[PDB]
Each structure stands twice: as C-alpha cells, then as structure tokens.
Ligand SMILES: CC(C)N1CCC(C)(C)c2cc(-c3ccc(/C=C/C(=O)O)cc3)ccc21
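Quick setup: one chain, the form deposited without the named molecule, written in structure tokens, and binding and motion questions come after.
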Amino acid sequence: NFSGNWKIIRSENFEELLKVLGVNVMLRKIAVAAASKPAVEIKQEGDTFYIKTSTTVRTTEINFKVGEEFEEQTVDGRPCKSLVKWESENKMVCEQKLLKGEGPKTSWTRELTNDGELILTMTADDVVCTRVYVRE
C-alpha cells in the first residue's frame, strides 16, 4: 500500500515536461535541481490519501479520495481540478482540468510494484516524465 516516506531512485524527462509547458530555462533548471532529492510522505486510508511532496524550495500537500474531485496544481503550478480513479489494483490515474484558461493536457499516475517501488508518471500532451521511489 502507499503509506510511508518515500525517497527518489530514478527520474527521467522532468526538464522536458516543464519545457513543453512553457517553463523558462532558468526556472526549469532551478526546478529540476530543487526536486532532485525530494521528500514524499503518503498516508493512505483505503481510498483516502494525503500526499506531501517537498523540494528545496516548495512544499505541496494534497488530500483526496479516489473518485472525488479535488483542487491541486499542475506540475508547472497552475491551479486545477483533479480526479483520481483506480485503473487496476494499485495503480491510480489522475486527470487534471485547469480552473482558468487552457493549456496542454496534463495527467499523472501513481502505481506500486510488487517489490514495493512507487512509480509516478506525469504527462503533458505527448511528453511523459517517470520518477521512481522506494520507502525509507
């Protein structure tokens, strides 16, 4: 199950994800370094989740239940309305809809492997970033 404190072990394509969302080079470079050793805390109670992710300069906290819309931010920091569903046993998928304006379609997935790794994917249109974590 997803509860725990998680440390990153792999990251692919993060800078490009930000690039396609229009994030400028200075901010991209700052963000990638800032998130290179994040702190991720998850508390799962059935279908209810608390997820806190902290970088060197940012901290985000979401509280949601699978199947119930909630507000969060896109990876580039725009407010959005999100909805998580279970795709399969321990794989949740989230569609995001901007609160204001338009932009590239964004989504994320979080799944647990049999070996206890957490895989996050984040997509912005046709660009996918994958980050893998393990429990502390």
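Note that residue numbering follows the sequence shown and begins at 1. In this text, rigid core is short for the largest set of C-alphas that superpose within 1.5 Å between two forms.
- Put simply, when the other structures in 4 other deposited structures of this protein are lined up on the rigid core, the C-alpha atoms of 55-63 lie farther off than those of the other stretch, from 104-112 and 55-63.
- The PDB entry reports B-factors from which the mean C-alpha value can be compared for 122-130 and 21-29; the larger average falls on 21-29.
- The deposited model assigns a higher average Cα B-factor to 86-94 than to the other stretch when 86-94 and 66-74 are compared.
- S54 sits in the middle third of its chain by CA B factor, as recorded in the PDB entry.
- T60: CA B factor lies in the highest third for its chain, per the PDB record.
- In the PDB entry, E12 places in the lowest third of its chain by CA B-factor.
- Ranked against the other modelled residues of its chain, the C-alpha B-factor of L99 as given in the entry falls in the highest third.
- When all modelled residues of the chain are sorted by CA temperature factor, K37 is found within the highest third.
The same protein also exists as the form solved in complex with the named molecule; that form is not shown, yet it is the one meant from here on.
- Placing the named molecule by C-alpha superposition of the site, using its position in the bound PDB entry, leaves the pocket open: no ligand atom lies within 2.4 Å of backbone or C-beta atoms here.
- Residues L27, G77 and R131 are all found to lie within 4.5 Å of the named molecule in the bound PDB entry, as judged by heavy atom distances.
- Checked against the named molecule in the bound PDB entry, the candidates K65, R58, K91, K97 yield a single residue with a heavy atom inside 4.5 Å, and that residue is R58.
- Although the partner is absent here, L83 is not a contact residue: none of its heavy atoms lies within 4.5 angstroms of the named molecule in the bound PDB entry.
- In the bound PDB entry, the named molecule sits within 4.5 Å of a heavy atom belonging to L120.
- Remark: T53 counts among the residues lining the named molecule in the bound PDB entry, judged by a heavy atom distance of 4.5 Å or less.
- Interface membership of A124, defined by any non-hydrogen atom within 4.5 Å of the named molecule in the bound PDB entry, is ruled out.
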